[PDB]
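Structure, as structure tokens:
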Amino acid sequence: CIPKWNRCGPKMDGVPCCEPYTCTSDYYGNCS
């Protein structure tokens, strides 16, 4: 998963932010 406060892209890499966190943009954004 991706560490909080970092770039996340589950639709482009297949790995969203960690369960306790969420991604804002599926293409390119941040987690919090």
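Scheme for the structure tokens: letters A, B, ... for chains in order shown; per-chain residue numbers from 1; ligand numbers from 1 in order shown.
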
Legend entry - Near-residue A:12 list (10 Å; only C-alpha atoms; drop same-chain fewer than 4 positions) as a PyMOL selection string: chain A and resi 8+16+26-28

Output for the residues just chosen: C-alpha atoms as a PDB file, in the first residue's frame:
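out_7.pdb, written as the output of this step:
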```
ATOM      1  CA  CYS A   8      -1.328   7.326  -4.612  1.00  0.00           C
ATOM      2  CA  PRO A  16      -4.256   2.198  -3.400  1.00  0.00           C
ATOM      3  CA  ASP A  26      -6.831   7.514  -8.848  1.00  0.00           C
ATOM      4  CA  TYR A  27      -4.338   8.968 -11.385  1.00  0.00           C
ATOM      5  CA  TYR A  28      -2.166  11.323  -9.276  1.00  0.00           C
TER       6      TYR A  28
END
```

Legend entry - Close residues, residue A:21 itself excluded, 10 Å, only C-alpha atoms, min 6 positions apart in chain, as an MDAnalysis selection string: chainID A and resid 1:5 31:32

Legend entry - Those of chain A in DSSP alpha helix (DSSP H), formatted as a ChimeraX atom specification: /A:10-13

Inset, instruction - Quick one: pick out all strand (DSSP E or B) residues within chain A from a backbone DSSP run and write them as a VMD selection string. - result: chain A and resid 2 9 15 17 23 31
